[PDB]
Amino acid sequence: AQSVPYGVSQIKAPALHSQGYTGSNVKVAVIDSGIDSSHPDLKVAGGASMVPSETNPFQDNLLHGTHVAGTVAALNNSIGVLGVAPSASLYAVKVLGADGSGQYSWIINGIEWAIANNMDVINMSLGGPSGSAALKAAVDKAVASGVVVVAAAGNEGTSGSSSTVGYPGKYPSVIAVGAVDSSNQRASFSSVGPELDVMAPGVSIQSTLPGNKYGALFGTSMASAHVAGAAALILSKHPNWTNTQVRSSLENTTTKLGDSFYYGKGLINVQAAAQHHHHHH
């Protein structure tokens, strides 16, 4: 039996599935620890590993990219879970090594790979605590090329009056996604700051794990996965919307929650987003 993790319903994905909007022919790069392509509830279209020691992007050593991938696009069938965009074309972009880290250069390599291979949506369920002009150039170039660029806001919680949003989440060109729970309360770990754009489910998120497994993870990574999947649903109904139109559709149709510094625009509503972009007109 297939379970639809609550987060998928909480963002109103199923209303769009019933209308025939499932992310078909939308290319989503999961820029992360890779994706297990042997998983019965995931169909991996392609991808690349930018990790020196790790030539296979379909070998997920961190059990992270696979979980992100399953929130984006777990298949609609009689097993496992269900993705926000279950028909999306899923790309494994491995930029995190088995040791648990990656260089920004490997992230930029993934971003450049994603532009060159015509990804519609980049999800970066990862980040670091400091900026680089190079990383900003790279996400700015992705946005200039018409890619919808989604990143996890970071898991740094509150730090007095300061933005704790990670990079590349912090860059204006990137959609920075924070984490709420099933009550639409901000998760205590969710990074805060004026760079926060939207919230999505980020606590106790059931998804696919390597070796035909499922499990719950928490983090702004899980939240970003919902938003990247949401972007794919939107583009499967409005394929000519610009990345700016897709971003505005999500930001301008949210369920308003608390202060913008903690919740940005609030919880995404992909059903409302898919009606209209609300960019200018």
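Just count from 1 along the sequence shown to find any residue number.
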{"property": "Which of 197-205 and 109-117 has higher mean CA B factor, as the PDB entry lists it", "result": "109-117"}
{"property": "Per the entry, higher mean C-alpha B factor between 180-188 and 100-108", "result": "100-108"}
{"property": "From 247, 256, 67, 226, residue of greatest CA B-factor", "result": "256"}
{"property": "C-alpha B-factor winner, where the candidates are 242, 33, 38, 220", "result": "38"}
{"property": "Cα B factor band for residue 134 (lowest, middle or highest third within the chain)", "result": "highest"}
{"property": "Ranked against its chain, the third holding the CA B-factor of residue 160", "result": "highest"}
{"property": "Third of the chain, ranked by Cα B-factor, where residue 271 sits", "result": "lowest"}
{"property": "Within-chain third of residue 174 by Cα B-factor, per the entry", "result": "middle"}
{"property": "Relative C-alpha B-factor of residue 71, binned into the chain's lowest, middle or highest third", "result": "lowest"}
